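> Handing over data.pdb, PDB, C-alpha atoms and all ligand atoms.
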ATOM      1  CA  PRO J   1       0.000   0.000   0.000  1.00  0.00           C
ATOM      2  CA  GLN J   2       0.786   3.644  -0.162  1.00  0.00           C
ATOM      3  CA  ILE J   3      -0.027   5.192   3.213  1.00  0.00           C
ATOM      4  CA  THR J   4      -0.496   8.927   3.554  1.00  0.00           C
ATOM      5  CA  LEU J   5       0.095  10.692   6.834  1.00  0.00           C
ATOM      6  CA  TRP J   6      -2.972  12.803   7.439  1.00  0.00           C
ATOM      7  CA  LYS J   7      -3.882  10.307  10.173  1.00  0.00           C
ATOM      8  CA  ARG J   8      -1.646   8.116  12.303  1.00  0.00           C
ATOM      9  CA  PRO J   9      -0.328   5.178  10.212  1.00  0.00           C
ATOM     10  CA  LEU J  10      -1.999   2.495  12.321  1.00  0.00           C
ATOM     11  CA  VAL J  11      -2.110  -1.093  11.106  1.00  0.00           C
ATOM     12  CA  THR J  12      -3.140  -4.441  12.510  1.00  0.00           C
ATOM     13  CA  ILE J  13      -0.384  -6.752  13.686  1.00  0.00           C
ATOM     14  CA  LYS J  14      -0.572 -10.332  14.807  1.00  0.00           C
ATOM     15  CA  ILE J  15       1.746 -11.642  17.524  1.00  0.00           C
ATOM     16  CA  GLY J  16       1.237 -14.769  19.633  1.00  0.00           C
ATOM     17  CA  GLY J  17      -2.000 -15.413  17.772  1.00  0.00           C
ATOM     18  CA  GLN J  18      -3.460 -12.077  18.914  1.00  0.00           C
ATOM     19  CA  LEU J  19      -4.412  -9.076  16.847  1.00  0.00           C
ATOM     20  CA  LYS J  20      -3.216  -5.691  18.045  1.00  0.00           C
ATOM     21  CA  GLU J  21      -3.030  -2.203  16.609  1.00  0.00           C
ATOM     22  CA  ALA J  22       0.409  -0.649  16.035  1.00  0.00           C
ATOM     23  CA  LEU J  23       1.906   2.515  14.622  1.00  0.00           C
ATOM     24  CA  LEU J  24       4.286   2.372  11.659  1.00  0.00           C
ATOM     25  CA  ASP J  25       7.088   4.508  13.042  1.00  0.00           C
ATOM     26  CA  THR J  26      10.042   5.573  10.904  1.00  0.00           C
ATOM     27  CA  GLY J  27      11.389   7.494  13.937  1.00  0.00           C
ATOM     28  CA  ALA J  28      11.765   4.297  15.966  1.00  0.00           C
ATOM     29  CA  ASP J  29      14.923   2.243  15.555  1.00  0.00           C
ATOM     30  CA  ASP J  30      13.239  -0.734  17.233  1.00  0.00           C
ATOM     31  CA  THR J  31       9.768  -2.222  17.612  1.00  0.00           C
ATOM     32  CA  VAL J  32       8.294  -1.758  21.068  1.00  0.00           C
ATOM     33  CA  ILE J  33       4.988  -3.259  22.211  1.00  0.00           C
ATOM     34  CA  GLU J  34       2.908  -2.997  25.338  1.00  0.00           C
ATOM     35  CA  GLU J  35       3.160  -5.603  28.057  1.00  0.00           C
ATOM     36  CA  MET J  36       2.359  -9.119  26.858  1.00  0.00           C
ATOM     37  CA  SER J  37       3.722 -12.613  27.228  1.00  0.00           C
ATOM     38  CA  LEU J  38       6.246 -13.836  24.629  1.00  0.00           C
ATOM     39  CA  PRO J  39       8.158 -17.082  24.495  1.00  0.00           C
ATOM     40  CA  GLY J  40      11.766 -17.690  25.336  1.00  0.00           C
ATOM     41  CA  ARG J  41      14.386 -15.724  27.104  1.00  0.00           C
ATOM     42  CA  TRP J  42      14.750 -11.983  27.135  1.00  0.00           C
ATOM     43  CA  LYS J  43      17.700  -9.603  27.472  1.00  0.00           C
ATOM     44  CA  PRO J  44      17.760  -6.148  28.992  1.00  0.00           C
ATOM     45  CA  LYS J  45      17.645  -2.967  26.928  1.00  0.00           C
ATOM     46  CA  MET J  46      17.214   0.696  27.581  1.00  0.00           C
ATOM     47  CA  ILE J  47      15.592   2.889  24.963  1.00  0.00           C
ATOM     48  CA  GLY J  48      15.451   6.619  24.964  1.00  0.00           C
ATOM     49  CA  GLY J  49      12.644   8.636  23.716  1.00  0.00           C
ATOM     50  CA  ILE J  50      11.171  12.046  23.929  1.00  0.00           C
ATOM     51  CA  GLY J  51      10.641  12.071  27.848  1.00  0.00           C
ATOM     52  CA  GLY J  52      13.690  10.023  28.737  1.00  0.00           C
ATOM     53  CA  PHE J  53      14.659   6.395  28.866  1.00  0.00           C
ATOM     54  CA  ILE J  54      12.777   3.269  29.835  1.00  0.00           C
ATOM     55  CA  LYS J  55      13.730  -0.344  30.483  1.00  0.00           C
ATOM     56  CA  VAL J  56      12.286  -2.958  28.190  1.00  0.00           C
ATOM     57  CA  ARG J  57      12.515  -6.687  27.704  1.00  0.00           C
ATOM     58  CA  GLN J  58      14.214  -7.656  24.439  1.00  0.00           C
ATOM     59  CA  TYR J  59      12.901 -10.790  22.738  1.00  0.00           C
ATOM     60  CA  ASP J  60      14.684 -11.920  19.598  1.00  0.00           C
ATOM     61  CA  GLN J  61      13.413 -13.889  16.590  1.00  0.00           C
ATOM     62  CA  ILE J  62       9.680 -13.342  17.311  1.00  0.00           C
ATOM     63  CA  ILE J  63       7.194 -14.127  14.571  1.00  0.00           C
ATOM     64  CA  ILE J  64       4.977 -11.132  13.923  1.00  0.00           C
ATOM     65  CA  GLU J  65       2.652 -10.222  11.025  1.00  0.00           C
ATOM     66  CA  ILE J  66       2.409  -6.531  10.148  1.00  0.00           C
ATOM     67  CA  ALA J  67      -0.422  -5.384   7.882  1.00  0.00           C
ATOM     68  CA  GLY J  68      -0.438  -8.863   6.380  1.00  0.00           C
ATOM     69  CA  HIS J  69       3.344  -9.096   5.884  1.00  0.00           C
ATOM     70  CA  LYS J  70       5.420 -11.674   7.748  1.00  0.00           C
ATOM     71  CA  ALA J  71       8.347 -10.600   9.807  1.00  0.00           C
ATOM     72  CA  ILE J  72      10.588 -12.453  12.282  1.00  0.00           C
ATOM     73  CA  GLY J  73      12.769 -10.282  14.465  1.00  0.00           C
ATOM     74  CA  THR J  74      13.324  -8.395  17.664  1.00  0.00           C
ATOM     75  CA  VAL J  75      10.412  -7.192  19.729  1.00  0.00           C
ATOM     76  CA  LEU J  76      10.901  -4.987  22.789  1.00  0.00           C
ATOM     77  CA  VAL J  77       8.239  -5.213  25.477  1.00  0.00           C
ATOM     78  CA  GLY J  78       7.681  -2.353  27.954  1.00  0.00           C
ATOM     79  CA  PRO J  79       5.628   0.677  28.956  1.00  0.00           C
ATOM     80  CA  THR J  80       5.387   2.258  25.568  1.00  0.00           C
ATOM     81  CA  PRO J  81       2.253   4.400  25.170  1.00  0.00           C
ATOM     82  CA  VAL J  82       1.331   2.758  21.854  1.00  0.00           C
ATOM     83  CA  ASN J  83       2.593  -0.269  20.033  1.00  0.00           C
ATOM     84  CA  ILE J  84       5.240   0.939  17.590  1.00  0.00           C
ATOM     85  CA  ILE J  85       6.695  -0.890  14.579  1.00  0.00           C
ATOM     86  CA  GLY J  86      10.216   0.427  14.177  1.00  0.00           C
ATOM     87  CA  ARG J  87      12.772   0.250  11.409  1.00  0.00           C
ATOM     88  CA  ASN J  88      14.029  -3.208  12.348  1.00  0.00           C
ATOM     89  CA  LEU J  89      10.708  -4.661  11.126  1.00  0.00           C
ATOM     90  CA  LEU J  90       9.748  -1.941   8.649  1.00  0.00           C
ATOM     91  CA  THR J  91      12.792  -3.059   6.615  1.00  0.00           C
ATOM     92  CA  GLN J  92      11.569  -6.670   6.725  1.00  0.00           C
ATOM     93  CA  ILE J  93       8.213  -5.698   5.209  1.00  0.00           C
ATOM     94  CA  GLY J  94       9.937  -3.622   2.482  1.00  0.00           C
ATOM     95  CA  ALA J  95       8.756  -0.241   3.701  1.00  0.00           C
ATOM     96  CA  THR J  96      10.164   2.983   2.326  1.00  0.00           C
ATOM     97  CA  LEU J  97       9.370   6.682   2.756  1.00  0.00           C
ATOM     98  CA  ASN J  98       8.645   8.482  -0.484  1.00  0.00           C
ATOM     99  CA  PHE J  99       8.159  12.121  -1.478  1.00  0.00           C
TER     100      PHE J  99
ATOM    101  CA  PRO D   1      13.386  10.515  -3.157  1.00  0.00           C
ATOM    102  CA  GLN D   2      12.694   7.019  -2.011  1.00  0.00           C
ATOM    103  CA  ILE D   3      14.262   6.532   1.381  1.00  0.00           C
ATOM    104  CA  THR D   4      14.940   3.064   2.675  1.00  0.00           C
ATOM    105  CA  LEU D   5      14.916   2.457   6.387  1.00  0.00           C
ATOM    106  CA  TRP D   6      18.106   0.555   6.992  1.00  0.00           C
ATOM    107  CA  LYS D   7      19.351   3.720   8.687  1.00  0.00           C
ATOM    108  CA  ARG D   8      17.583   6.591  10.398  1.00  0.00           C
ATOM    109  CA  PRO D   9      15.847   8.768   7.770  1.00  0.00           C
ATOM    110  CA  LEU D  10      17.704  11.960   8.500  1.00  0.00           C
ATOM    111  CA  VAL D  11      17.462  14.984   6.311  1.00  0.00           C
ATOM    112  CA  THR D  12      18.640  18.579   6.282  1.00  0.00           C
ATOM    113  CA  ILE D  13      16.098  21.224   7.159  1.00  0.00           C
ATOM    114  CA  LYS D  14      16.177  24.980   7.173  1.00  0.00           C
ATOM    115  CA  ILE D  15      14.214  26.654   9.962  1.00  0.00           C
ATOM    116  CA  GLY D  16      14.487  30.114  11.386  1.00  0.00           C
ATOM    117  CA  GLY D  17      17.447  30.733   9.050  1.00  0.00           C
ATOM    118  CA  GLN D  18      19.305  27.808  10.504  1.00  0.00           C
ATOM    119  CA  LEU D  19      20.295  24.494   8.947  1.00  0.00           C
ATOM    120  CA  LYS D  20      19.597  21.475  11.113  1.00  0.00           C
ATOM    121  CA  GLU D  21      19.485  17.722  10.799  1.00  0.00           C
ATOM    122  CA  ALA D  22      16.098  16.125  11.529  1.00  0.00           C
ATOM    123  CA  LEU D  23      14.420  12.758  11.542  1.00  0.00           C
ATOM    124  CA  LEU D  24      11.482  12.039   9.214  1.00  0.00           C
ATOM    125  CA  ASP D  25       9.157  10.529  11.771  1.00  0.00           C
ATOM    126  CA  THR D  26       5.849   8.952  10.820  1.00  0.00           C
ATOM    127  CA  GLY D  27       5.255   8.116  14.490  1.00  0.00           C
ATOM    128  CA  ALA D  28       5.251  11.778  15.531  1.00  0.00           C
ATOM    129  CA  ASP D  29       2.017  13.713  15.268  1.00  0.00           C
ATOM    130  CA  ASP D  30       3.817  17.016  15.447  1.00  0.00           C
ATOM    131  CA  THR D  31       7.216  18.485  14.565  1.00  0.00           C
ATOM    132  CA  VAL D  32       9.500  19.004  17.577  1.00  0.00           C
ATOM    133  CA  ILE D  33      12.817  20.872  17.347  1.00  0.00           C
ATOM    134  CA  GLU D  34      15.576  21.393  19.909  1.00  0.00           C
ATOM    135  CA  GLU D  35      15.782  24.737  21.640  1.00  0.00           C
ATOM    136  CA  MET D  36      16.012  27.708  19.298  1.00  0.00           C
ATOM    137  CA  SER D  37      14.393  31.085  18.881  1.00  0.00           C
ATOM    138  CA  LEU D  38      11.494  31.498  16.439  1.00  0.00           C
ATOM    139  CA  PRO D  39       9.519  34.642  15.588  1.00  0.00           C
ATOM    140  CA  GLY D  40       6.076  35.461  16.799  1.00  0.00           C
ATOM    141  CA  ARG D  41       3.750  34.283  19.404  1.00  0.00           C
ATOM    142  CA  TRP D  42       3.883  30.971  21.206  1.00  0.00           C
ATOM    143  CA  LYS D  43       1.981  29.048  23.834  1.00  0.00           C
ATOM    144  CA  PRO D  44       3.097  26.275  26.185  1.00  0.00           C
ATOM    145  CA  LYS D  45       2.245  22.641  25.510  1.00  0.00           C
ATOM    146  CA  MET D  46       3.123  19.261  26.949  1.00  0.00           C
ATOM    147  CA  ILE D  47       3.881  16.353  24.572  1.00  0.00           C
ATOM    148  CA  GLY D  48       4.401  12.735  25.589  1.00  0.00           C
ATOM    149  CA  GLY D  49       6.321   9.786  24.264  1.00  0.00           C
ATOM    150  CA  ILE D  50       8.284   6.860  25.460  1.00  0.00           C
ATOM    151  CA  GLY D  51       9.847   8.131  28.757  1.00  0.00           C
ATOM    152  CA  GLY D  52       6.988  10.577  29.574  1.00  0.00           C
ATOM    153  CA  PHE D  53       6.293  14.214  28.781  1.00  0.00           C
ATOM    154  CA  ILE D  54       8.279  17.341  28.000  1.00  0.00           C
ATOM    155  CA  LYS D  55       7.190  20.947  28.001  1.00  0.00           C
ATOM    156  CA  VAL D  56       7.525  22.759  24.705  1.00  0.00           C
ATOM    157  CA  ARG D  57       6.727  26.113  23.133  1.00  0.00           C
ATOM    158  CA  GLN D  58       4.193  25.902  20.327  1.00  0.00           C
ATOM    159  CA  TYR D  59       4.749  28.264  17.414  1.00  0.00           C
ATOM    160  CA  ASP D  60       2.210  28.320  14.615  1.00  0.00           C
ATOM    161  CA  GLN D  61       2.635  29.224  10.900  1.00  0.00           C
ATOM    162  CA  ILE D  62       6.356  28.528  10.782  1.00  0.00           C
ATOM    163  CA  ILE D  63       8.016  27.824   7.455  1.00  0.00           C
ATOM    164  CA  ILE D  64      10.496  25.018   7.217  1.00  0.00           C
ATOM    165  CA  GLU D  65      12.371  23.748   4.158  1.00  0.00           C
ATOM    166  CA  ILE D  66      12.660  19.954   4.400  1.00  0.00           C
ATOM    167  CA  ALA D  67      15.078  18.310   2.058  1.00  0.00           C
ATOM    168  CA  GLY D  68      14.375  21.131  -0.374  1.00  0.00           C
ATOM    169  CA  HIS D  69      10.592  21.181  -0.041  1.00  0.00           C
ATOM    170  CA  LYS D  70       8.876  24.142   1.620  1.00  0.00           C
ATOM    171  CA  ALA D  71       6.149  23.519   4.189  1.00  0.00           C
ATOM    172  CA  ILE D  72       4.348  25.639   6.746  1.00  0.00           C
ATOM    173  CA  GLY D  73       2.831  24.573  10.004  1.00  0.00           C
ATOM    174  CA  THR D  74       3.186  24.287  13.754  1.00  0.00           C
ATOM    175  CA  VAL D  75       6.620  23.708  15.244  1.00  0.00           C
ATOM    176  CA  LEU D  76       7.109  22.669  18.843  1.00  0.00           C
ATOM    177  CA  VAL D  77      10.385  23.765  20.461  1.00  0.00           C
ATOM    178  CA  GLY D  78      11.831  22.192  23.560  1.00  0.00           C
ATOM    179  CA  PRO D  79      14.192  19.581  25.039  1.00  0.00           C
ATOM    180  CA  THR D  80      13.690  16.811  22.519  1.00  0.00           C
ATOM    181  CA  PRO D  81      16.720  14.527  22.164  1.00  0.00           C
ATOM    182  CA  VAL D  82      16.414  14.611  18.346  1.00  0.00           C
ATOM    183  CA  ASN D  83      14.889  17.062  15.882  1.00  0.00           C
ATOM    184  CA  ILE D  84      11.765  15.380  14.508  1.00  0.00           C
ATOM    185  CA  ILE D  85       9.679  16.201  11.453  1.00  0.00           C
ATOM    186  CA  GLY D  86       6.249  14.879  12.292  1.00  0.00           C
ATOM    187  CA  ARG D  87       3.157  14.158  10.256  1.00  0.00           C
ATOM    188  CA  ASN D  88       1.903  17.741  10.373  1.00  0.00           C
ATOM    189  CA  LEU D  89       4.729  18.704   7.987  1.00  0.00           C
ATOM    190  CA  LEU D  90       5.305  15.325   6.312  1.00  0.00           C
ATOM    191  CA  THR D  91       1.868  15.593   4.744  1.00  0.00           C
ATOM    192  CA  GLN D  92       2.729  18.939   3.243  1.00  0.00           C
ATOM    193  CA  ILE D  93       5.737  17.577   1.317  1.00  0.00           C
ATOM    194  CA  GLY D  94       3.614  14.658   0.086  1.00  0.00           C
ATOM    195  CA  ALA D  95       5.418  11.980   2.085  1.00  0.00           C
ATOM    196  CA  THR D  96       4.061   8.472   2.074  1.00  0.00           C
ATOM    197  CA  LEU D  97       5.000   5.101   3.492  1.00  0.00           C
ATOM    198  CA  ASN D  98       5.014   2.396   0.825  1.00  0.00           C
ATOM    199  CA  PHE D  99       5.314  -1.379   0.991  1.00  0.00           C
TER     200      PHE D  99
HETATM  201  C1  LIG W 101       6.639   7.043  20.592  1.00  0.00           C
HETATM  202  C2  LIG W 101       5.835   7.633  19.460  1.00  0.00           C
HETATM  203  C3  LIG W 101       4.354   7.383  19.623  1.00  0.00           C
HETATM  204  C4  LIG W 101       5.964   9.161  19.535  1.00  0.00           C
HETATM  205  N1  LIG W 101       7.328   9.651  19.312  1.00  0.00           N
HETATM  206  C5  LIG W 101       7.914   9.638  17.948  1.00  0.00           C
HETATM  207  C6  LIG W 101       8.871   8.404  17.833  1.00  0.00           C
HETATM  208  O1  LIG W 101       9.202   8.225  16.450  1.00  0.00           O
HETATM  209  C7  LIG W 101      10.180   8.617  18.633  1.00  0.00           C
HETATM  210  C8  LIG W 101      11.114   9.707  18.079  1.00  0.00           C
HETATM  211  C9  LIG W 101      12.421   9.856  18.888  1.00  0.00           C
HETATM  212  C10 LIG W 101      13.618   9.386  18.324  1.00  0.00           C
HETATM  213  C11 LIG W 101      14.834   9.472  19.044  1.00  0.00           C
HETATM  214  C12 LIG W 101      14.819   9.991  20.333  1.00  0.00           C
HETATM  215  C13 LIG W 101      13.631  10.402  20.932  1.00  0.00           C
HETATM  216  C14 LIG W 101      12.432  10.325  20.210  1.00  0.00           C
HETATM  217  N2  LIG W 101      10.893   7.368  18.609  1.00  0.00           N
HETATM  218  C15 LIG W 101      11.079   6.614  19.721  1.00  0.00           C
HETATM  219  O2  LIG W 101      10.701   6.885  20.909  1.00  0.00           O
HETATM  220  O3  LIG W 101      11.782   5.422  19.367  1.00  0.00           O
HETATM  221  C16 LIG W 101      12.353   4.660  20.492  1.00  0.00           C
HETATM  222  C17 LIG W 101      12.270   3.187  19.998  1.00  0.00           C
HETATM  223  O4  LIG W 101      13.344   3.011  19.046  1.00  0.00           O
HETATM  224  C18 LIG W 101      14.372   3.851  19.545  1.00  0.00           C
HETATM  225  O5  LIG W 101      14.975   4.538  18.468  1.00  0.00           O
HETATM  226  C19 LIG W 101      14.649   5.924  18.658  1.00  0.00           C
HETATM  227  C20 LIG W 101      14.559   6.133  20.187  1.00  0.00           C
HETATM  228  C21 LIG W 101      13.886   4.801  20.546  1.00  0.00           C
HETATM  229  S1  LIG W 101       7.814  11.023  20.297  1.00  0.00           S
HETATM  230  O6  LIG W 101       9.294  11.321  19.970  1.00  0.00           O
HETATM  231  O7  LIG W 101       7.506  10.580  21.774  1.00  0.00           O
HETATM  232  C22 LIG W 101       6.777  12.472  19.945  1.00  0.00           C
HETATM  233  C23 LIG W 101       5.532  12.619  20.555  1.00  0.00           C
HETATM  234  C24 LIG W 101       4.756  13.688  20.066  1.00  0.00           C
HETATM  235  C25 LIG W 101       5.218  14.555  19.065  1.00  0.00           C
HETATM  236  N3  LIG W 101       4.481  15.619  18.619  1.00  0.00           N
HETATM  237  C26 LIG W 101       6.461  14.332  18.445  1.00  0.00           C
HETATM  238  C27 LIG W 101       7.202  13.252  18.884  1.00  0.00           C
HETATM  239 CL    CL W 102       0.359  22.187  11.602  1.00  0.00          CL
HETATM  240 CL    CL W 103      -2.099  13.554  -0.209  1.00  0.00          CL
HETATM  241 NA    NA W 104       3.237  32.173  14.605  1.00  0.00          NA
END
Since I need it in another form, could you write the structure as structure tokens?

Amino acid sequence: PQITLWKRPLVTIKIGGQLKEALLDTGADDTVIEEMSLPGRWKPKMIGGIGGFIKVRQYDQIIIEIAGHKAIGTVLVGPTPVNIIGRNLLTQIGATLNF
Amino acid sequence: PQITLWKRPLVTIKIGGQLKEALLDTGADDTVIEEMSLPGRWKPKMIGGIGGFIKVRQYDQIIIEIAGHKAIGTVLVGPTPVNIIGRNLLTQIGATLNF
């Protein structure tokens, strides 16, 4: 698709068999989702955003569908205000910015 | 251009007579620039992201040149860690996300 930006670029994602809404976020290096259970081990990570830094749980090699496109990669879990799809998975679904 | 997302989508902007580097950020509703002076009136605002909120100054009807394309709109000024071009100005330069 070609998504304009007059509204937030929200899409449906599917992770752990559950549908969620997430924001396609070219300003995010990494994908960060609200608290949920994921399989396997996690590693610590700190990410910094507009109000400061937060701790998240880093899960690698997680299967996630984004707007109908399959991705398998790193998902950070923590107190993000909205689910955000960052560049690590936007590249997997072939997304580009165009103007 | 077409900008891939392997790296942060940074561009040069011109604002208030100054050249700055900024991030093309589809996850940002509004444009937020590090501290600088701008002409005219402003009003205080709080904006929130990962990490919490910051206080900014809201200036309306500001012209910015973004990668060579002129746009006008609201610019928030305050202690953001990165200059961000948000959707309010991305729309004006015809930016889309494509996959
Ligand atoms: C979290 C989003 C809903 C909103 N943010 C835009 C987002 O693109 C920020 C934009 C951003 C970018 C760098 C630093 C601070 C904020 N990215 C971000 O927090 O990404 C974090 C996850 O990946 C990491 O890579 C970047 C920092 C980490 S925001 O910076 O909080 C913000 C909120 C409101 C406005 N008007 C403008 C920006
Ligand atoms: Cl605006
Ligand atoms: Cl349009
Ligand atoms: Na003004």
> Using only C-alpha atoms, determine which residues of chain D fall within 8 Å of chain J; present them as a PDB file with C-alpha atoms, keeping the file's coordinate frame.

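And here is the file that came out, result-v1.pdb:
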ATOM      1  CA  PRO D   1      13.386  10.515  -3.157  1.00  0.00           C
ATOM      2  CA  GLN D   2      12.694   7.019  -2.011  1.00  0.00           C
ATOM      3  CA  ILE D   3      14.262   6.532   1.381  1.00  0.00           C
ATOM      4  CA  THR D   4      14.940   3.064   2.675  1.00  0.00           C
ATOM      5  CA  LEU D   5      14.916   2.457   6.387  1.00  0.00           C
ATOM      6  CA  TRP D   6      18.106   0.555   6.992  1.00  0.00           C
ATOM      7  CA  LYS D   7      19.351   3.720   8.687  1.00  0.00           C
ATOM      8  CA  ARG D   8      17.583   6.591  10.398  1.00  0.00           C
ATOM      9  CA  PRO D   9      15.847   8.768   7.770  1.00  0.00           C
ATOM     10  CA  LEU D  23      14.420  12.758  11.542  1.00  0.00           C
ATOM     11  CA  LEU D  24      11.482  12.039   9.214  1.00  0.00           C
ATOM     12  CA  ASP D  25       9.157  10.529  11.771  1.00  0.00           C
ATOM     13  CA  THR D  26       5.849   8.952  10.820  1.00  0.00           C
ATOM     14  CA  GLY D  27       5.255   8.116  14.490  1.00  0.00           C
ATOM     15  CA  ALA D  28       5.251  11.778  15.531  1.00  0.00           C
ATOM     16  CA  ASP D  29       2.017  13.713  15.268  1.00  0.00           C
ATOM     17  CA  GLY D  48       4.401  12.735  25.589  1.00  0.00           C
ATOM     18  CA  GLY D  49       6.321   9.786  24.264  1.00  0.00           C
ATOM     19  CA  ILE D  50       8.284   6.860  25.460  1.00  0.00           C
ATOM     20  CA  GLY D  51       9.847   8.131  28.757  1.00  0.00           C
ATOM     21  CA  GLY D  52       6.988  10.577  29.574  1.00  0.00           C
ATOM     22  CA  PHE D  53       6.293  14.214  28.781  1.00  0.00           C
ATOM     23  CA  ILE D  54       8.279  17.341  28.000  1.00  0.00           C
ATOM     24  CA  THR D  80      13.690  16.811  22.519  1.00  0.00           C
ATOM     25  CA  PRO D  81      16.720  14.527  22.164  1.00  0.00           C
ATOM     26  CA  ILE D  84      11.765  15.380  14.508  1.00  0.00           C
ATOM     27  CA  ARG D  87       3.157  14.158  10.256  1.00  0.00           C
ATOM     28  CA  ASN D  88       1.903  17.741  10.373  1.00  0.00           C
ATOM     29  CA  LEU D  90       5.305  15.325   6.312  1.00  0.00           C
ATOM     30  CA  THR D  91       1.868  15.593   4.744  1.00  0.00           C
ATOM     31  CA  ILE D  93       5.737  17.577   1.317  1.00  0.00           C
ATOM     32  CA  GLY D  94       3.614  14.658   0.086  1.00  0.00           C
ATOM     33  CA  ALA D  95       5.418  11.980   2.085  1.00  0.00           C
ATOM     34  CA  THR D  96       4.061   8.472   2.074  1.00  0.00           C
ATOM     35  CA  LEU D  97       5.000   5.101   3.492  1.00  0.00           C
ATOM     36  CA  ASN D  98       5.014   2.396   0.825  1.00  0.00           C
ATOM     37  CA  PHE D  99       5.314  -1.379   0.991  1.00  0.00           C
TER      38      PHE D  99
END
> Centre and edge lengths of an axis-aligned box around all listed atoms of ligand LIG 101 (chain W), with 4 Å added on each side, are to be given in Å to one decimal, as lines of an AutoDock Vina configuration file.

center_x = 9.7
center_y = 9.3
center_z = 19.1
size_x = 18.6
size_y = 20.6
size_z = 13.3
> After a least-squares superposition on chain J over all sequentially paired C-alpha atoms, what is chain D as a CSV table (one decimal) with C-alpha atoms, in the frame of the given file?

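Written out: result.csv:
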chain,number,residue,atom,x,y,z
D,1,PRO,CA,-0.5,0.0,0.1
D,2,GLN,CA,0.4,3.6,-0.1
D,3,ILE,CA,-0.3,5.2,3.2
D,4,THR,CA,-0.7,9.0,3.4
D,5,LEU,CA,0.2,10.7,6.6
D,6,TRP,CA,-2.8,12.9,7.3
D,7,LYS,CA,-3.5,10.5,10.2
D,8,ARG,CA,-1.4,8.2,12.3
D,9,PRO,CA,-0.3,5.2,10.2
D,10,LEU,CA,-1.9,2.6,12.3
D,11,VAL,CA,-2.1,-1.0,11.2
D,12,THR,CA,-3.2,-4.3,12.6
D,13,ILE,CA,-0.5,-6.7,13.7
D,14,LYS,CA,-0.5,-10.3,14.9
D,15,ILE,CA,2.1,-11.1,17.6
D,16,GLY,CA,2.2,-13.9,20.1
D,17,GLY,CA,-1.2,-15.0,18.8
D,18,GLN,CA,-2.7,-11.7,19.6
D,19,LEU,CA,-4.1,-9.0,17.3
D,20,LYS,CA,-3.0,-5.5,18.2
D,21,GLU,CA,-3.0,-2.0,16.7
D,22,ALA,CA,0.5,-0.5,16.0
D,23,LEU,CA,2.0,2.6,14.6
D,24,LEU,CA,4.3,2.3,11.5
D,25,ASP,CA,7.2,4.4,12.9
D,26,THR,CA,10.2,5.4,10.7
D,27,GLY,CA,11.6,7.3,13.7
D,28,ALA,CA,11.9,4.2,15.8
D,29,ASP,CA,15.0,2.0,15.5
D,30,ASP,CA,13.3,-0.9,17.1
D,31,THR,CA,9.8,-2.4,17.6
D,32,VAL,CA,8.3,-1.7,21.0
D,33,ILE,CA,5.1,-3.4,22.2
D,34,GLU,CA,3.0,-2.9,25.3
D,35,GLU,CA,3.3,-5.5,28.0
D,36,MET,CA,2.5,-9.0,26.9
D,37,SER,CA,4.1,-12.4,27.2
D,38,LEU,CA,6.3,-13.8,24.5
D,39,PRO,CA,8.1,-17.2,24.3
D,40,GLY,CA,11.7,-17.8,24.8
D,41,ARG,CA,14.6,-16.0,26.3
D,42,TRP,CA,14.8,-12.3,26.9
D,43,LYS,CA,17.3,-9.7,28.3
D,44,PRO,CA,16.7,-6.3,29.8
D,45,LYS,CA,17.3,-3.1,27.8
D,46,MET,CA,16.8,0.6,28.2
D,47,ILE,CA,15.4,2.6,25.3
D,48,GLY,CA,15.1,6.4,25.2
D,49,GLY,CA,12.9,8.9,23.4
D,50,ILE,CA,11.2,12.2,24.0
D,51,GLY,CA,10.5,12.1,27.8
D,52,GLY,CA,13.5,9.9,28.7
D,53,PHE,CA,14.0,6.1,29.0
D,54,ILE,CA,12.0,3.1,29.8
D,55,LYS,CA,13.1,-0.4,30.7
D,56,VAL,CA,12.0,-3.2,28.3
D,57,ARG,CA,12.4,-6.9,27.8
D,58,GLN,CA,14.2,-7.7,24.6
D,59,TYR,CA,13.0,-10.9,22.8
D,60,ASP,CA,14.8,-12.0,19.6
D,61,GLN,CA,13.6,-14.0,16.6
D,62,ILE,CA,9.9,-13.1,17.1
D,63,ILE,CA,7.5,-13.4,14.2
D,64,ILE,CA,5.0,-10.7,13.7
D,65,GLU,CA,2.4,-10.3,10.9
D,66,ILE,CA,2.2,-6.6,9.9
D,67,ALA,CA,-0.8,-5.7,7.8
D,68,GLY,CA,-0.6,-9.1,6.3
D,69,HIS,CA,3.1,-9.3,5.8
D,70,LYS,CA,5.2,-11.7,7.9
D,71,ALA,CA,8.5,-10.5,9.4
D,72,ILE,CA,10.9,-11.8,12.0
D,73,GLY,CA,13.1,-9.8,14.3
D,74,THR,CA,13.6,-8.4,17.8
D,75,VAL,CA,10.6,-7.1,19.7
D,76,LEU,CA,11.0,-5.0,22.8
D,77,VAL,CA,8.2,-5.3,25.4
D,78,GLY,CA,7.5,-2.7,28.1
D,79,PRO,CA,5.6,0.4,29.1
D,80,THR,CA,5.4,2.2,25.8
D,81,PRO,CA,2.4,4.4,25.4
D,82,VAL,CA,1.7,3.1,21.9
D,83,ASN,CA,2.7,-0.1,20.1
D,84,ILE,CA,5.4,0.9,17.5
D,85,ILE,CA,6.7,-1.0,14.5
D,86,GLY,CA,10.2,0.3,14.1
D,87,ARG,CA,12.7,0.1,11.3
D,88,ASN,CA,14.0,-3.3,12.3
D,89,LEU,CA,10.7,-4.8,11.0
D,90,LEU,CA,9.7,-2.1,8.5
D,91,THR,CA,12.7,-3.1,6.4
D,92,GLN,CA,11.5,-6.7,6.3
D,93,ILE,CA,8.1,-5.8,4.8
D,94,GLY,CA,9.9,-3.6,2.2
D,95,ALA,CA,8.5,-0.3,3.6
D,96,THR,CA,9.8,2.9,2.1
D,97,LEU,CA,9.2,6.6,2.6
D,98,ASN,CA,8.5,8.4,-0.8
D,99,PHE,CA,8.2,12.0,-1.8
> Dump the neighbourhood of ligand CL 102 (chain W) as a VMD selection string: all residues within 8 Å, distances computed on all atoms listed in the file.
chain D and resid 30 60 to 61 72 to 75 88 to 89
